[PDB]
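As C-alpha cells, the structure follows; a few thoughts come after it.
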Amino acid sequence: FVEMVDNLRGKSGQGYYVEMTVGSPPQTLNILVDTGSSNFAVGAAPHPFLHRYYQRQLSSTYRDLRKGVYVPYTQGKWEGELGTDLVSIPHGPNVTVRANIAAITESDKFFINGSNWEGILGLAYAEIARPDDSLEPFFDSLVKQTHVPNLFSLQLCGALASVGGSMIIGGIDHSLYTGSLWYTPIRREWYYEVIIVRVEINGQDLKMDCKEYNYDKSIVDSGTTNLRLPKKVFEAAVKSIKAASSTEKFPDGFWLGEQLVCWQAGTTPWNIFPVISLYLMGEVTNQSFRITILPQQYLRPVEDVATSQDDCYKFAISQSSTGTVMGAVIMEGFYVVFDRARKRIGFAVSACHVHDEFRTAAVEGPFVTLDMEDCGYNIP
Ligand SMILES: Nc1nc2ccc(Oc3ccccc3)cc2c[n+]1[C@@H](CNC(=O)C1CCCCC1)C1CCCCC1
C-alpha cells in the first residue's frame, strides 16, 4: 500500500536496501533486497565497512540453531552461525515473523565500503538456499505465519548518487506503473526463472536460436546491477548497438564496460542509441509480449575522473557465463510483480523510469510466437 511506497534506498551500483528490525528489543539494520538469492544474513560482528551489526546476546527472542553456513562465491564469500529471531519491516506490513537468520561471523569481499547495508535479504526460493533447501527462506516464513498474501513487487527508480524505490509486500500498487501488466510464467521455483523467446535491437530481430537467450538460464535479479547476456548474445547485441549508434564512434573499452563516456552536461545524444526489446514467453499458448528499455536504462551514470562537469556513463550491458541476468538495468524501467502464488512475473512500464521527450520504456503484447517451450535450456 501507501506506507511502503518509497521504502527503498541505496548507493548507485551498490544495491537497494530496506530497513528491518531484528531481536528484542528491536535492533535496526539496513538490509539489501536480493531476488537473486534465498538466505537472510546480517553482519553479527564488528567490521571496518559496517556502521552496525546484529548483537545476538542482546536479544531475548534469539534462538541458536547450533548449525553453521558457508557461502563462497566467485570472488569472496561469507560464513556464519544459524539461529532464529523475531523480525519486522518498519515500512512494510505490520507483522512480526520468526525467521532464520545467518549471523555473518566471517566475510571476504562481501560487504561494500559505504553501501549503507549491513545484511542481505534473499527473496528467491528454497532450492538455492544455503546450507540446503531445508532452511526456510524468510519470505516463506512471512506467508506461513501471517495473512500476508504470497506476492510482492519492486519499483527500482535509481535516477556516488543515492538511489530510491519501493518494495510492496503482499500486493500491487497501480500508482507505480502505467499501461497494463503483462505476466510471464516462472519456469521453475529456485531463481526467479523466465524464458526469453526473442530479442530485438532498434526493431531488428537479433535472429538466433532462442535457446541462446536462456543459455543455462534467465533470471530476474535485483541483486545484480547490469543486464548480463550470454557471450554469443552479448557479442551480437553489442554489434547491433554499434551499427545503430555508428554516427558516433566510441572506444572498445566502452563496450567492455572498462571506461566511461562523457558529454557536455545535459547534451547526451540518447537518440543515437537504440531501444532494446526482450520478448518473454506469455501465459497463453503461442503468445509473447515484449519489454523495451532505452539507453537511459543501459547507460548508467558514473562520476568522471576528478572533474564533475560532464555527464559520464558506463555501458551497463555485460557478458555472461551464467545465463541472461535481468538486473537493475532492466528492472529500473519496470514495476515488477513477483507473483509467487500464481507462479508468474508481471511487468508494466514504471511510473519512475528515466526517459525523454521522444521515447519511453514499453511493455506490449500480445505477439504470436511458436515453440517458445523449446527456448528453455536443459542440462545434457
Ligand atoms: N543476486 C545474487 N545474489 C548473491 C548473493 C550472495 C552471494 O554470495 C557472495 C557474494 C559476494 C561475496 C561473497 C559471497 C552471491 C550472489 C550472486 N547474485 C547475482 C550476482 N550478484 C552478486 O554476487 C551481488 C549480490 C549482493 C551482494 C554483492 C554481490 C548472480 C545470481 C546468479 C547469476 C549470476 C549473478
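The way I read the labels, and the way they are meant: chains A, B, ... in the order of the C-alpha cells, residue 1 as the first residue of every chain, and ligand 1 as the first ligand shown, with later ones counted on from there.
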
Exercise for review: Determine, counting only C-alpha atoms, which protein, DNA and RNA residues have an atom within 9 Å of an atom of residue 71 in chain A; residues of the same chain fewer than 6 positions away are not included. Present the result as number ranges by chain.
Suggested key: A: 77-80, 130-131

Point to revise | Selection as a ChimeraX atom specification: residues within 9 Å of ligand 1 by only C-alpha atoms and all ligand atoms | key: /A:14-15,32-39,71-79,107-112,119-122,124,191,217-225,228,320-325,327

Point to revise | Given only C-alpha atoms as the counted atoms, nearest of A:8, A:337, A:201, A:128 to residue 164 in chain A | key: A:8

Review point. What is the distance, in Å and to one decimal place, between CA of residue 13 in chain A and CA of residue 30 in chain A?
Key: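 Here the two named atoms are 16.1 Å from each other.
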
Exercise for review: Find the residues around residue 310 in chain A up to 10 Å (only C-alpha atoms counted), leave out those fewer than 6 positions away in its own chain, and share them as a PyMOL selection string.
Suggested key: chain A and resi 261-268+303-304

Practice item. Tell me which of A:352, A:375, A:362, A:195 sits closest to residue 163 in chain A, counting only C-alpha atoms. Key: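 Among the listed residues, the smallest separation from residue 163 in chain A belongs to A:352.
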
Practice item. From a DSSP pass on the backbone, collect the residues of range 4-57 of chain A flagged as strand (DSSP E or B) and hand them back as a list in words. Key: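 Here are the strand (DSSP E or B) residues of range 4-57 of chain A: residues 8, 9, 10, 11, 15, 16, 17, 18, 19, 20, 21, 22, 27, 28, 29, 30, 31, 32, 33, 34, 40, 41, 42 and 43 of chain A.
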
Practice item. Would you please work out which residue, of A:205, A:273, A:166, A:197, is nearest to residue 7 in chain A when using only C-alpha atoms? Key: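 So, comparing all the options, the nearest one is A:166.
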
**Study point:** Which of range 4-219 of chain A fall in alpha helix (DSSP H), as a PyMOL selection string
**Key:** chain A and resi 138-145+210-213

Same residues, N, CA, C and O atoms, output as a PDB file, in the first residue's frame:
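Now in result_7.pdb:
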```pdb
ATOM      1  N   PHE A 138      13.194 -16.448   4.355  1.00  0.00           N
ATOM      2  CA  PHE A 138      12.379 -15.508   5.132  1.00  0.00           C
ATOM      3  C   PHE A 138      10.978 -15.196   4.573  1.00  0.00           C
ATOM      4  O   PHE A 138      10.032 -15.028   5.341  1.00  0.00           O
ATOM      5  N   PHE A 139      10.842 -15.023   3.263  1.00  0.00           N
ATOM      6  CA  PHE A 139       9.518 -14.694   2.726  1.00  0.00           C
ATOM      7  C   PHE A 139       8.559 -15.871   2.826  1.00  0.00           C
ATOM      8  O   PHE A 139       7.343 -15.696   2.735  1.00  0.00           O
ATOM      9  N   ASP A 140       9.115 -17.069   3.001  1.00  0.00           N
ATOM     10  CA  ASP A 140       8.311 -18.281   3.128  1.00  0.00           C
ATOM     11  C   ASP A 140       7.771 -18.380   4.555  1.00  0.00           C
ATOM     12  O   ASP A 140       6.712 -18.958   4.790  1.00  0.00           O
ATOM     13  N   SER A 141       8.496 -17.788   5.499  1.00  0.00           N
ATOM     14  CA  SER A 141       8.078 -17.756   6.895  1.00  0.00           C
ATOM     15  C   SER A 141       7.039 -16.665   7.065  1.00  0.00           C
ATOM     16  O   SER A 141       6.111 -16.775   7.883  1.00  0.00           O
ATOM     17  N   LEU A 142       7.206 -15.598   6.296  1.00  0.00           N
ATOM     18  CA  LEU A 142       6.266 -14.480   6.332  1.00  0.00           C
ATOM     19  C   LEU A 142       4.874 -14.953   5.994  1.00  0.00           C
ATOM     20  O   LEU A 142       3.941 -14.785   6.772  1.00  0.00           O
ATOM     21  N   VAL A 143       4.744 -15.563   4.827  1.00  0.00           N
ATOM     22  CA  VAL A 143       3.445 -16.060   4.348  1.00  0.00           C
ATOM     23  C   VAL A 143       2.780 -17.146   5.229  1.00  0.00           C
ATOM     24  O   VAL A 143       1.550 -17.224   5.326  1.00  0.00           O
ATOM     25  N   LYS A 144       3.604 -17.984   5.852  1.00  0.00           N
ATOM     26  CA  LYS A 144       3.124 -19.079   6.684  1.00  0.00           C
ATOM     27  C   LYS A 144       2.572 -18.594   8.022  1.00  0.00           C
ATOM     28  O   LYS A 144       1.490 -19.009   8.450  1.00  0.00           O
ATOM     29  N   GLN A 145       3.333 -17.718   8.676  1.00  0.00           N
ATOM     30  CA  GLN A 145       2.984 -17.189   9.991  1.00  0.00           C
ATOM     31  C   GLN A 145       1.995 -16.015  10.028  1.00  0.00           C
ATOM     32  O   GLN A 145       1.498 -15.656  11.092  1.00  0.00           O
ATOM     33  N   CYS A 210      16.517 -19.141 -30.073  1.00  0.00           N
ATOM     34  CA  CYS A 210      16.026 -18.557 -28.824  1.00  0.00           C
ATOM     35  C   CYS A 210      16.626 -19.235 -27.604  1.00  0.00           C
ATOM     36  O   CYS A 210      16.692 -18.645 -26.523  1.00  0.00           O
ATOM     37  N   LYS A 211      17.098 -20.461 -27.786  1.00  0.00           N
ATOM     38  CA  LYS A 211      17.717 -21.188 -26.684  1.00  0.00           C
ATOM     39  C   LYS A 211      18.975 -20.471 -26.201  1.00  0.00           C
ATOM     40  O   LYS A 211      19.382 -20.623 -25.050  1.00  0.00           O
ATOM     41  N   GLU A 212      19.582 -19.687 -27.091  1.00  0.00           N
ATOM     42  CA  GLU A 212      20.802 -18.950 -26.767  1.00  0.00           C
ATOM     43  C   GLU A 212      20.536 -17.860 -25.730  1.00  0.00           C
ATOM     44  O   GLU A 212      21.381 -17.570 -24.884  1.00  0.00           O
ATOM     45  N   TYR A 213      19.354 -17.262 -25.818  1.00  0.00           N
ATOM     46  CA  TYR A 213      18.911 -16.212 -24.902  1.00  0.00           C
ATOM     47  C   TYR A 213      18.787 -16.699 -23.457  1.00  0.00           C
ATOM     48  O   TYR A 213      18.911 -15.920 -22.515  1.00  0.00           O
TER      49      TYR A 213
END
```
